[PDB]
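Next up: the same protein chain in two forms, each one alone, written as structure tokens (structure 1, then structure 2).
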Structure 1
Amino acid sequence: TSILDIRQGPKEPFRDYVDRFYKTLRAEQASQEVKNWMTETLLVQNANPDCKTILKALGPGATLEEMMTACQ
């Protein structure tokens, strides 16, 4: 599980950070259930400072499209 190494760059667009996150989940064959938990947690945590505050502000349970919107 090398997901802990997927961090959003200092000036990396959230969109790209997302492709790199789920692209790693596939390789490690994460079930759909796991992806849901990772989205609520790790995706949020491994994001850059500004985004992580925004995402953390959104509340637990926002959809992926809402997260991308809040950090475009």
Structure 2
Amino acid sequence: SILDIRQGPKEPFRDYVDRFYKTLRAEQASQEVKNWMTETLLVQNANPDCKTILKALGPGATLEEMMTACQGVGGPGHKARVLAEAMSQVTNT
């Protein structure tokens, strides 16, 4: 079931997408439901960091935008960026 495809804490987002769509191509649902799955279920089953970024992208983001947005998750640049964002929020408050 597509509902069982969940992104691991350190799984690259592109591999998660690969598994998700391999299971999706076999799911017995209409193209409307499958569109909802690529739009909402894909984001909901991502790991916390990727899910935060995707949520920040807002509705209507294309698959390519999502894959680009989560490319660096788990790396030093991502950690430093989150820390910088937190520092910025404490400063702005």
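Heads up, when I say rigid core I mean the largest set of C-alphas that superpose within 1.5 Å between the two forms. Shifts are known only where both forms have a C-alpha. By convention here, residues take numbers in order along the sequence of structure 1, the first being 1.
Superposition on the rigid core between the two structures places the CA atom of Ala30 2 Å or more away from its counterpart. Relative to the superposed rigid core, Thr39 shifts its CA by 1.4 Å between the two structures.
Regions where at least three consecutive shared residues each shift by 2 Å or more at the C-alpha between the two structures, after core superposition, reduce to one span, 28-36.
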